[PDB]
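Undergrad: Next up is a structure, given as structure tokens.
Values in this text are rule-based calculations from the coordinates and carry no lab data. Quick reminder, even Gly has a Cβ in these numbers, built from the backbone with ideal geometry, and neighbours come from all protein chains shown.
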Amino acid sequence: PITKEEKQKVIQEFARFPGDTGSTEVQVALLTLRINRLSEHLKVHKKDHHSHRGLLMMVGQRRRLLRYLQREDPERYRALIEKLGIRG
Amino acid sequence: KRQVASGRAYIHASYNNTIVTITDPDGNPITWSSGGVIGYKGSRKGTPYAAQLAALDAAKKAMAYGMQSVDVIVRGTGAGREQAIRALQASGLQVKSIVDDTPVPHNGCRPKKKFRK
Amino acid sequence: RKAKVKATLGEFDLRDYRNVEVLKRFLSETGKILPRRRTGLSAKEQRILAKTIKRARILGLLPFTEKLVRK
Amino acid sequence: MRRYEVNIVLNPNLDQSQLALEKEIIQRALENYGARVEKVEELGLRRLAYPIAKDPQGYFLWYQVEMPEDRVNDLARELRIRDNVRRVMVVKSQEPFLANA
RNA sequence: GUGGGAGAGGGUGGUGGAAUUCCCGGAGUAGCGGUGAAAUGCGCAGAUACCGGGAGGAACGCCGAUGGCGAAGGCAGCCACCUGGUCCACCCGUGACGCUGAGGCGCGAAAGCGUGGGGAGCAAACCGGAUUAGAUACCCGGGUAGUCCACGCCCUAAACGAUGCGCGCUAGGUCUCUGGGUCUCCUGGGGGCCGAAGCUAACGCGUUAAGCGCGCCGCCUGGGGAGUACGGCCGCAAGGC
Ligand SMILES: [Mg+2]
Ligand SMILES: [Mg+2]
Ligand SMILES: [Mg+2]
Ligand SMILES: [Mg+2]
Ligand SMILES: [Mg+2]
Ligand SMILES: [Mg+2]
Ligand SMILES: [Mg+2]
Ligand SMILES: [Mg+2]
Ligand SMILES: [Mg+2]
Ligand SMILES: [Mg+2]
Ligand SMILES: [Mg+2]
Ligand SMILES: [Mg+2]
Ligand SMILES: [Mg+2]
Ligand SMILES: [Mg+2]
Ligand SMILES: [Mg+2]
Ligand SMILES: [Mg+2]
Ligand SMILES: [Mg+2]
Ligand SMILES: [Mg+2]
Ligand SMILES: [Mg+2]
Ligand SMILES: [Mg+2]
Ligand SMILES: [Mg+2]
Ligand SMILES: [Mg+2]
Ligand SMILES: [Mg+2]
Ligand SMILES: [Mg+2]
Ligand SMILES: [Mg+2]
Ligand SMILES: [Mg+2]
Ligand SMILES: [Mg+2]
Ligand SMILES: [Mg+2]
Ligand SMILES: [Mg+2]
Ligand SMILES: [Mg+2]
Ligand SMILES: [Mg+2]
Ligand SMILES: [Mg+2]
Ligand SMILES: [Mg+2]
Ligand SMILES: [Mg+2]
Ligand SMILES: [Mg+2]
Ligand SMILES: [Mg+2]
Ligand SMILES: [Mg+2]
Ligand SMILES: [Mg+2]
Ligand SMILES: [Mg+2]
Ligand SMILES: [Mg+2]
Ligand SMILES: [Mg+2]
Ligand SMILES: [Mg+2]
Ligand SMILES: [Mg+2]
Ligand SMILES: [Mg+2]
Ligand SMILES: [Mg+2]
Ligand SMILES: [Mg+2]
Ligand SMILES: [Mg+2]
Ligand SMILES: [Mg+2]
Ligand SMILES: [Mg+2]
Ligand SMILES: [Mg+2]
Ligand SMILES: [Mg+2]
Ligand SMILES: [Mg+2]
Ligand SMILES: [Mg+2]
Ligand SMILES: [Mg+2]
Ligand SMILES: [Mg+2]
Ligand SMILES: [Mg+2]
Ligand SMILES: [Mg+2]
Ligand SMILES: [Mg+2]
Ligand SMILES: [Mg+2]
């Protein structure tokens with residue numbers, strides 16, 4: 001699974017400031033963590049479909065958030081993307 | 001001619017026939033009987049009366065082998081299993097205990113169409 | 001009206017599959033696991049007790065089946 | 001690392017030398033699979049509900065351990081290779097859930 | 001975000017006992033089986049019943065519910081691992097990032113198809129025994145595909161709550177699962193029954209709406225002809241849209 005350790009690490013990483021937990025950046029980070037994870041899982045276990053749905057959903061949430069960021073502040077969006085390496 | 005004198009009595013009782021096997025304490029048969037072993041042929045093999053008669057045949061045939069006390073074990077639910085037990089009850093054989101062993105699965109095998117639903 | 005298995009006990013770990021003389025209290029004349037009617041357990045309770053019993057059986061501590069005496 | 005309980009049920013006919021040897025192998029395996037032993041309860045022989053391996057009874061070992069998860073199955077695998085090992089049950093440790101306390 | 005929770009949600013590997021069947025052995029002997037009654041069938045090459053040993057496959061009794069989980073299909077022995085969803089408390093973080101969703105893409109019971117395994121029990125087709133006025137069927141004895149597994153197709157259904165999704169609003173009572181609480185009880189989230197107002201052709205629905213509203217999607221337009229014909233798309237085919 002994903003330990004509190006690793007998670008806290010990715011928050012501390014992407015946080016806009018100290019204490020920042022639920023900002024778009026962070027959310028996208030966490031989401032991408034879970035997605036790479038779940039995706040690695042599905043690379044094996046080609047048959048676990050129910051989990052795959054979860055994948056789809058996580059992907060969607062992430063895209064919506066990215067979409068928002070891009071509309072709002074293209075700067076921080078480009079930063080976020082290049083930082084996570086997502087589609088670019 | 002073992003002259004056994006104490007043993008087990010298995011009543012296998014089905015909607016169809018009743019059949020009784022007397023055995024030594026290690027479970028090896030000595031004598032046996034059934035609705036068919038006596039006069040009965042068709043469905044008559046299953047009535048409780050046939051059961052009584054059969055248990056009694058097994059009994060007598062066993063006492064000839066010199067047997068005195070026996071432990072009853074009852075497999076299957078069928079007309080007159082209770083009758084066969086009752087027949088041993090006083091067969092002259094002392095019945096030491098009765099026990100119900102009826103096999104039931106934890107659901108292994110698909111039943112015949114007759115037995116499902 | 002007989003009595004319920006829970007009332008007849010003090011504190012006991014429902015998760016302890018090693019402990020027998022408590023567990024066997026929850027099996028019938030046969031080795032069947034007793035209904036809530038008889039166990040007096042709650043939903044969650046009963047449900048935990050099941051797995052407990054089962055583990056116990058696999059460990060060879062409690063039976064899957066028993067013969068029925070008299071009859 | 002996570003925290004489990006390894007139950008071992010082995011041959012009750014075992015003499016002292018052989019029993020020492022099996023406990024030896026068990027310890028060694030536990031080590032090579034990366035587990036640390038927090039505590040052990042050796043109950044020894046006890047009367048089984050149903051016969052296992054033609055035997056009316058069995059010798060009981062219980063270990064509480066902390067070990068790496070991705071290992072655990074192999075551990076059990078290895079533990080069962082022994083001809084003399086009748087049952088092995090590894091279980092994730094849980095807290096007590098009680099009633100009437 | 002933090003801290004908890006319940007769960008047959010999913011995938012992988014392992015493992016347990018009951019039973020069936022078959023094989024080996026012991027003991028035993030005249031029948032067993034089966035039906036309304038029977039017969040075919042099986043049995044002196046020793047069956048049935050009983051005891052011990054073995055192989056193998058498939059499904060998991062009690063728990064078990066009126067229960068739970070899942071978007072649906074669906075999911076049930078136990079163990080570990082991998083993994084999805086979801087509920088509660090705190091009210092800490094972002095600051096409208098929302099809803100719906102043509103097409104697309106994915107999932108999709110059973111049966112069916114392809115290749116390769118597997119095959120205990122069951123069992124379309126089939127071979128028999130009976131019943132009947134005949135019996136192509138209902139009952140009985142056999143039995144192949146199939147049922148099981150891997151991978152790839154198929155895309156249907158009384159795929160049913162015959163009730164699209166989301167949010168707000170409108171009496172209560174009672175039982176229940178699962179949280180948190182100052183724990184007769186209050187407060188969340190599910191599952192049920194009865195019922196206010198209201199709705200309804202009626203039957204019924206009624207905070208789990210079939211009420212009162214707004215948003216968006218799908219769909220209907222008399223019964224046949226017909227889910228047929230033609231065309232197109234998909235499919236190895238059966239056939240599907
Ligand atoms: Mg008969
Ligand atoms: Mg072994
Ligand atoms: Mg949260
Ligand atoms: Mg959490
Ligand atoms: Mg599950
Ligand atoms: Mg599973
Ligand atoms: Mg498995
Ligand atoms: Mg068996
Ligand atoms: Mg033989
Ligand atoms: Mg008739
Ligand atoms: Mg013959
Ligand atoms: Mg003949
Ligand atoms: Mg001869
Ligand atoms: Mg046997
Ligand atoms: Mg075979
Ligand atoms: Mg076996
Ligand atoms: Mg039930
Ligand atoms: Mg649901
Ligand atoms: Mg294991
Ligand atoms: Mg989880
Ligand atoms: Mg705030
Ligand atoms: Mg602010
Ligand atoms: Mg949607
Ligand atoms: Mg399908
Ligand atoms: Mg299928
Ligand atoms: Mg064909
Ligand atoms: Mg096939
Ligand atoms: Mg073959
Ligand atoms: Mg058959
Ligand atoms: Mg016929
Ligand atoms: Mg006909
Ligand atoms: Mg016919
Ligand atoms: Mg008929
Ligand atoms: Mg047939
Ligand atoms: Mg074929
Ligand atoms: Mg409809
Ligand atoms: Mg819709
Ligand atoms: Mg939504
Ligand atoms: Mg509470
Ligand atoms: Mg409610
Ligand atoms: Mg409630
Ligand atoms: Mg209610
Ligand atoms: Mg009214
Ligand atoms: Mg009215
Ligand atoms: Mg109502
Ligand atoms: Mg309300
Ligand atoms: Mg209406
Ligand atoms: Mg309507
Ligand atoms: Mg409306
Ligand atoms: Mg019109
Ligand atoms: Mg018309
Ligand atoms: Mg059609
Ligand atoms: Mg045309
Ligand atoms: Mg056409
Ligand atoms: Mg295609
Ligand atoms: Mg073509
Ligand atoms: Mg068709
Ligand atoms: Mg369609
Ligand atoms: Mg359609």
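Undergrad: First measure r as the distance between the Cβ atoms of D:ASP74 and D:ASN100, then evaluate 1/(1 + (r/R0)^6) with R0 = 45 Å and state the FRET efficiency to the nearest 0.05.
TA: Computed FRET efficiency for D:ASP74 and D:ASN100 comes out at 0.65.
Undergrad: A follow-up question, please. When only DSSP loop residues count, what trypsin sites (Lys or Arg not before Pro) in segment D:20-58 have their Cβ near at most 12 other Cβ atoms within 10 Å?
TA: The qualifying sites are D:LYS54.
Undergrad: Give me a comma-separated list of calculated 3J(HN,Hα) values for segment B:13-26, in order, Karplus coefficients 6.51, -1.76, 1.60 applied at θ = phi - 60°, integers in Hz, x for any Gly or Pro.
TA: Karplus-based 3J(HN,Hα) across segment B:13-26 equals 10, 10, 3, 9, 9, 10, 9, 10, 10, 8, 9, 5, x, 8 Hz.
Undergrad: Fewest first, what order do C:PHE64, A:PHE14, B:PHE115, C:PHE26 take by the number of other Cβ atoms within 10 Å?
TA: B:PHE115, C:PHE64, A:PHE14, C:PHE26
Undergrad: Next question. Starting from the 7 Å offset along Cα-to-Cβ, what nm value, one decimal, do you get for the label separation of C:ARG1 and D:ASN84?
TA: Label at C:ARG1, label at D:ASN84, 5.8 nm between them.
Undergrad: List the residues whose amide H sits under 5 Å from the amide H of D:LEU48, counting only those 5 or more places along or on another chain, with H placed 1.01 Å from N in the peptide plane.
TA: Under 5 Å from the amide H of D:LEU48: D:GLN57, D:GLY58.
Undergrad: Karplus couplings for segment D:87-101 from phi (6.51 cos²θ - 1.76 cosθ + 1.60, θ = phi - 60°), rounded to Hz, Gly and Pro as x?
TA: 9, 9, 10, 9, 9, 4, 5, 10, 6, x, 10, 10, 8, 6, 10
Undergrad: Another question, then. Assuming 0.890 mPa s and 25 °C, estimate D for chain A with Stokes-Einstein, Rh taken as the Kirkwood radius over Cα pairs, in µm²/s.
TA: So the translational diffusion coefficient is about 178 µm²/s.
Undergrad: Something else: Answer rounded, prolate or oblate for chain D, using the Cα gyration tensor with square roots of eigenvalues a ≥ b ≥ c: rounded when a/c is under 1.5, else prolate when a/b is larger than b/c, else oblate.
TA: oblate
Undergrad: Please list 3J(HN,Hα) in residue order for segment B:72-83, calculated via the Karplus relation 6.51 cos²θ - 1.76 cosθ + 1.60 where θ = phi - 60°; whole Hz, with x for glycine and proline.
TA: 7, 9, 10, 10, x, 10, x, 3, x, 7, 4, 5
Undergrad: Further question on the same structure: Arrange A:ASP20, B:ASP100 by Cβ neighbour counts within 10 Å, fewest through most, would you?
TA: Sorted ascending by nearby Cβ count, the order is A:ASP20, B:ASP100.
Undergrad: Related question: What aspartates and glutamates does C:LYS71 reach when the alpha-carbon gap must be under 15 Å and sequence neighbours fewer than 8 apart in one chain are set aside?
TA: Here the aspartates and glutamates satisfying the reach criterion relative to C:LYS71 are B:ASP71, B:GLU82, B:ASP100, B:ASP101, C:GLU29.
Undergrad: When you look at the Cβ of every residue in D:46-52, what mean number of other chain Cβ atoms sits within 10 Å?
TA: 5
Undergrad: Per-residue Cβ counts within 10 Å, from other chains only, averaged over C:41-50: what number is that?
TA: That works out to 1 on average.
Undergrad: Quick one: length gained pulling C:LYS32 to C:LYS67 fully straight, 0.36 nm per residue minus the C-alpha distance?
TA: Using 0.36 nm per residue and subtracting the Cα-Cα distance, I get 11.5 nm.
Undergrad: Give me B:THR47, A:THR3 sorted ascending by neighbouring Cβ count inside 10 Å, so fewest comes first.
TA: A:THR3, B:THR47
Undergrad: Related question: What whole-number value in cubic angstrom gives the convex hull volume per residue for the C-alpha atoms of the protein assembly as shown?
TA: Convex hull volume per residue, Cα atoms: 255 Å³.
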